[PDB]
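Read top to bottom, the protein sequences are chains F, C, U, L, R, W and V. If you use PDB author numbering, the first sequence closes out at 169, no skipped numbers anywhere. If you use PDB author numbering, the second sequence closes out at 1010, no skipped numbers anywhere. If you use PDB author numbering, the third sequence closes out at 2516, no skipped numbers anywhere. If you use PDB author numbering, the fourth sequence closes out at 2516, no skipped numbers anywhere. If you use PDB author numbering, the fifth sequence closes out at 2516, no skipped numbers anywhere. If you use PDB author numbering, the sixth sequence closes out at 2516, no skipped numbers anywhere. If you use PDB author numbering, the seventh sequence closes out at 2516, no skipped numbers anywhere. The beta carbon of each residue, even a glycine, is placed where N, CA and C say it ideally should be. Structure, as structure tokens:
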Amino acid sequence: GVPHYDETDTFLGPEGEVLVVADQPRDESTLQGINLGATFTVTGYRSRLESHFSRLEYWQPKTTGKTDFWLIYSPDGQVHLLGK
Amino acid sequence: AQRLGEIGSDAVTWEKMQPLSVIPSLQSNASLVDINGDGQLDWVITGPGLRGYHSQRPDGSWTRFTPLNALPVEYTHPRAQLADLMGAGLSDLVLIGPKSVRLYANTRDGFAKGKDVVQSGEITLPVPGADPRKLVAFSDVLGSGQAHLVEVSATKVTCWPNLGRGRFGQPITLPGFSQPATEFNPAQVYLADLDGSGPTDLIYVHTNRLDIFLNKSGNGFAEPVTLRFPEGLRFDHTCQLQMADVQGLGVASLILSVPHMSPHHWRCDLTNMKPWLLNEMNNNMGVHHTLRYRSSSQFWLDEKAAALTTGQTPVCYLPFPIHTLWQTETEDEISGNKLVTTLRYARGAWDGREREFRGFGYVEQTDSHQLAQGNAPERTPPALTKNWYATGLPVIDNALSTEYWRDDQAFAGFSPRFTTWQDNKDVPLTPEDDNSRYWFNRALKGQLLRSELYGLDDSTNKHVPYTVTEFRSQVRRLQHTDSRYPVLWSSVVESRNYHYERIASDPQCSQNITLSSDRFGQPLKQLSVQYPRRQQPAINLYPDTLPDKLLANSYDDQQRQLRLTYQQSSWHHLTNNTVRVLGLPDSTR
Amino acid sequence: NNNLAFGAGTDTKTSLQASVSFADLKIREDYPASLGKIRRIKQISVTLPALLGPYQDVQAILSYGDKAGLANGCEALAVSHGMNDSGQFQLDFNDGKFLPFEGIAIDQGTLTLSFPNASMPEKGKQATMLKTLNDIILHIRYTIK
Amino acid sequence: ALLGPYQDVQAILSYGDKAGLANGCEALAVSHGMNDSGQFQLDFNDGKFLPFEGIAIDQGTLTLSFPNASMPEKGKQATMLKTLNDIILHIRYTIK
Amino acid sequence: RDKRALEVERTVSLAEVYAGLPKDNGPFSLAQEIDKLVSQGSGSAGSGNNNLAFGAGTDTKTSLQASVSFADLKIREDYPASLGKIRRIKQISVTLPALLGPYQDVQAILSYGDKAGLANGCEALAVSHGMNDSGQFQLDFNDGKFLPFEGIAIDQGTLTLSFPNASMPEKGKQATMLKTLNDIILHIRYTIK
Amino acid sequence: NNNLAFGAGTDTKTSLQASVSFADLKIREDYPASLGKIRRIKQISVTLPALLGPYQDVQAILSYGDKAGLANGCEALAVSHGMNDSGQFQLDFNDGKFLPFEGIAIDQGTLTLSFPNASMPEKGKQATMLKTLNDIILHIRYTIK
Amino acid sequence: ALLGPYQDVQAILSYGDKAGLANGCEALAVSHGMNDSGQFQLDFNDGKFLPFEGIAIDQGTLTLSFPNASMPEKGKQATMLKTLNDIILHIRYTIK
């Protein structure tokens, strides 16, 4: 179905697997030392079928003046930023 | 449907009608529709005081009556229609008014509380049945994969995009369609994806011809293609034009059913191949690749027919035909040789719960050489490779074993292992319920389970493989503290290799076993096993063109030792909220 | 008595007529003689498979061209739709009345189906409908006694 | 016209001439719009005359009236009438 | 002495009747024997009152007669005896799930070959379309009249279903439809009291 | 009075019976007392959501096991099929007759539904049908007065 | 609303005012919820007056009562009502 955009939705990762929440949400304001200007709720994700064990994060601002974003931590230390 | 003629032909016919052995007793206010999105048609009863259904199973049996958990009072309302408005692949219940729609989402066990969706702006929706001079229907005319609300009249076609959850966008005019407007009769308007593409075309029937307007990707219609009717046939209000892929070609054929004192039918084939597929490649350096496709329903009919000859009852687990690659041909110019790969597929399946195709449980590949004329007296025989794969539906996966080549002295075959990560151990687990069995078995999909290689020569041992490879997979549960599905991980725990070289006796055989692995799937403990030679059976099964006593002279003691290579290992893992590095090797013994 | 023609009336010259002899239908032969000799028509409906528009009607008169106990008004029947179209707004075999054509022997006489305003040169209203007409089907109900 | 599942139409059909109209067959209501007869039940056997019955097929005038049609005054038919494509009469008549 | 009787329907497949005959009575597959009897202009199948045969009238020699003994249908065993001893047929409808199109007719007569409290003209029924076909233009169970076959005891006598113009060598009209007849279904309504 | 058993009659030992107490259905509590105290059954139909073979029927008898104004022949109802099967060939609420079970108080007595030839080790005809019968449904029409 | 597999509707429609309500035309029961005229068989020509017949269209009040609605009492209709989107009255009336 068409998403509701109300956090009842699920997400697909780099490969179209369903992501699940792995990590209880935590707060953060600084990404790699960069003060993003807002506190974000950061939720960790895993694929339902865990291929290559990458780790994903969803960053959700607690404000309205900022957008969300995703991070991916690859097994080789490679870090990706999506949708910023 | 039945295969007509020999297996491998592409002809389709139908068998003598027979009573179904079992049908529902309740056939009052019922209809045959899919309401769960399973692929199984449901005889759905919505009568005075009773709501439920009988689902038709793939083996021909029916389920017992299943009550609906919830059905809308309006289900039976005169303007009620079923359509996918949620965009979920399910048919939702909806009533359309000019300014709003009443939508009851299909929740796959009954329906959701109805919601009234008010349309935005000044959008006014057509209401089907409101005006006899035009057709209103739900169809995909944009090629987006969603039915849109479409109005067709003599002078124009107007589409209102389906934005989901009952929301419609502004009308779009799709130019190019036009009828005389005095002679226009919606009864004569048929819709179909005749070219096998995204959007649906528009066919207008005239008494002596079919006026076909191709859909130019939702941006209007192509100039009409006029197909004359065969002589003696004329279309009228008693005649039916049907559009269906009766031939499994991936595209509908046009069927004219005319009951004029003696029903007779005609069918127009527009293509025998699905248009928009890659067909050729030429690299301009002499290599030319030709692809061909064959639908899964034709492979099914061949499978079905083969079963008849052995008295077996096959079951097709794939209601949704797909086009698979078949007869890939590579022509080497300059050289003049041709290489042909033929694929055969069997036992494929549709999931039905996640609404996805799982894959084929069996793929058979031939490999044939057509050497340039004048090069050889038909040297280089074709090869055959049989591959069995998990579908993750253990009605198929379990059956696949009977198709394996039999070696009476073989090692025991494999079955999947399921585990749970318990106190960091790979602890065996038998799934607690059906939901876990589902989630675990699907994690096996696509895994090669077995591979056999044969040469297709003219010898006496042509029925013995050169090689056999077997695999054992494992699915580990890592996290189930979530929505119902678990986080699963899988890999091959064991792999066994046999080398027969077409001699049924005395094969070589070895096996790789991962005894233990880390939380990130690293091979903490591995073992390689080299099995001993079997102790010289009475019957050689060798060519016997051999030197005297050679076979006796081929046996030795080293061949009888069991070797186990055992390796321990360890890795570092940098895991924190800021760093992720996995698998850095540390040590091994 | 099995032909097509234009009419010869004063207001029917542009009407297209079709006719059929009951005697040539060989209805009687469908059942054994021993079942009874009196075989008479109970009711006739007409189907006109044709391609028509959504508000397009049919104008046709079915009539019996012979001597028979036709009731006053059961002599002829109008067709308006052509879809198993009886000559009545309601068809009821129990209303106490004789039906159109009731009592005609299945062997005797000729039916004519007349389509007025058929000639194309006269711009007849049915001139375009007739050209989309593929057959004429009669549904004859009859009894054996 | 585009009426929803629970939306009616209000219109009166009447004969504007001298004829032997029965009292109550002078005018007919329209409420649903789909082959809508002037009655809750239609039966040609109830022993009664139907609306407009007996009027010569070639004499006089019919009128169909939609109350509350004007848009500037916010009428109710006013929004529906903008979506009315045509008017269709179904006339059953007899030849004697 | 009136009583609302129990109103009971029963469906009979003739294919299962002939197929189910004791071996000594010549059991047979109906569709297959019909095909042979249509292709040949003569012959018979089965025995006793459970058979197929060509008729012996002067104008029925070209017809096929399917015969079924009511006694052998064991209708009376469906419900317990205690519900009533009188078990009589109220109405019989014939279904012929043939490939008989909407514009095609079948000529067949259903009749009772025995002594019973029949009304005159109720001894035989005509079947013309084969779809729950009562030999009536309209069916009304409350029109004040007795129906075809009404009152016949459910275990007595024999029915015959006759298809005229069946013989293929005579170029009979039904000869081609009979070759495609899958079954004969009798829907029997009867009452208990 | 809320059970399953085989019948005790001489010709019922192979009949499977089901019985239900009206008193335990609590029909009476669906509506408030103020609307009327006399609550009587007008009509009962039986629905049987089972699977059947090619041309198989369903044999069942519905009857009232208590003292009531049961007219002659309104004592019991025969079921031939499961499609909201009333006790007649036609159901007519206005033919001037009382219907089966009509007038029985909604909370009194017991109904029994009997399936003859139910026993499997006897080869009863209904023995297989019953193994495809997931539920038994009574649709009850009653009035408040 | 939505109903469970064997669920029915229990509702009473009644007129809360002074009017010529015939004996038994005072109130109507709803059972299926779909154009549910609370009659086992509806006939506009059986010679009888129908429920609520004769009430002026602009006089008095209708009440629709759903028994066993209160959720704390675990009323049987309580869960039906939670799914009820609207209430629709189809009113036939005549002008004379």
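Along the stretch 2394-2406 of chain W, going in chain order, the ones with a CB nearer than 9 Å to a CB of chain V are 2400, 2401, 2402, 2403 and 2406. With contacts defined by Cβ atoms closer than 8 Å, residue 717 of chain C and residue 766 of chain C form a contacting pair. Per DSSP, residue 720 of chain C is one residue of the alpha helix (DSSP H) stretching across 717-729. Within the DSSP secondary-structure output, residue 890 of chain C pairs in a beta bridge with C:872 and C:918. With contacts defined by Cβ atoms closer than 8 Å, residue 2508 of chain V and residue 2406 of chain W do not form a contacting pair.
Distance between residue 2451 of chain L and residue 2427 of chain L, taken at the CA atoms: about 9 Å. DSSP places residue 2405 of chain W within a helical segment (H, G or I) once states are collapsed to three. If you draw a 10 Å sphere on the C-beta of residue 2375 of chain R, you find 16 or more other C-beta atoms in it, and that means buried. Residue 2488 of chain R is positioned such that its CB atom lies no closer than 8 Å to that of residue 2414 of chain R.
The beta carbon of residue 551 of chain C falls within 8 Å of a beta carbon belonging to chain L, placing the residue at that interface.
Boundaries for residue 743 of chain C: no beta strand (DSSP E) harbours it, and the DSSP string shows neither H nor E there.
According to DSSP, residue pairing for residue 614 of chain C in a beta bridge does not occur. Chain-order list of chain W residues neighbouring residue 445 of chain C: 2422, by C-beta distance under 7 Å. Residue 693 of chain C and residue 2425 of chain U have their C-alpha atoms some 36 Å from each other.
Residue burial annotation: residue 2492 of chain V is exposed, with fewer than 16 other C-beta atoms found within 10 angstroms of its C-beta. With 16 or more other CB atoms across the displayed protein chains lying within 10 angstroms of its CB, residue 507 of chain C is buried. Following the DSSP letters along the chain, one finds residue 940 of chain C in no alpha helix (DSSP H), marked with neither H nor E. The beta-carbon of residue 141 of chain F is placed no less than 8 Å from the nearest beta-carbon of chain C.
When DSSP states are grouped into helix, strand and coil, residue 2346 of chain R belongs to the helix group.
At a cut-off of 3 residues, the continuous stretches assigned as beta strand (DSSP E) that sit fully inside the stretch 452-524 of chain C are 463-468, 471-476, 502-504 and 513-517. Judged by DSSP in its simplified three-state form, residue 2493 of chain L adopts coil rather than helix or strand. Contact of residue 2355 of chain R with chain C is not assigned, every C-beta pair being separated by 8 Å or more. Unbroken alpha helix (DSSP H) stretches of 4 residues or longer found wholly inside the stretch 2429-2510 of chain L: 2497-2500, given in chain order.
Under the three-state reduction of DSSP, residue 822 of chain C is assigned to helix.
A Cβ-Cβ contact shorter than 8 Å links residue 689 of chain C with residue 675 of chain C. Per DSSP, the beta-bridge partners of residue 126 of chain F are F:112 and F:145. Under the criterion of beta carbons closer than 8 Å, residue 830 of chain C and residue 981 of chain C do not qualify as touching, at roughly 15 Å. Residue 120 of chain F is bridged by DSSP to F:115. Counting only the Cα atoms, residue 624 of chain C lies some 29 Å from residue 713 of chain C. Contact annotation: the stretch 99-112 of chain F touches the stretch 122-135 of chain F, with at least three C-beta pairs closer than 8 Å. Within the stretch 784-812 of chain C, no residue places its CB atom closer than 9 Å to a CB of chain R. In the three-state DSSP reduction, residue 853 of chain C falls in the coil class, being neither helix nor strand.
From the beta-carbon of residue 2508 of chain V, the residues of chain L found nearer than 8 Å are 2426. Look at the stretch 2327-2395 of chain R and you find these whole runs of alpha helix (DSSP H), each 4 residues long or longer: 2337-2342 and 2353-2362. About 6 Å separates the Cβ atoms of residue 2333 of chain R and residue 2398 of chain R, confirming a contact at the 8 Å cut-off.
Residues of chain W whose Cβ lies closer than 8 Å to the Cβ of residue 2511 of chain V do not exist, since the nearest Cβ in that chain is about 23 Å away.
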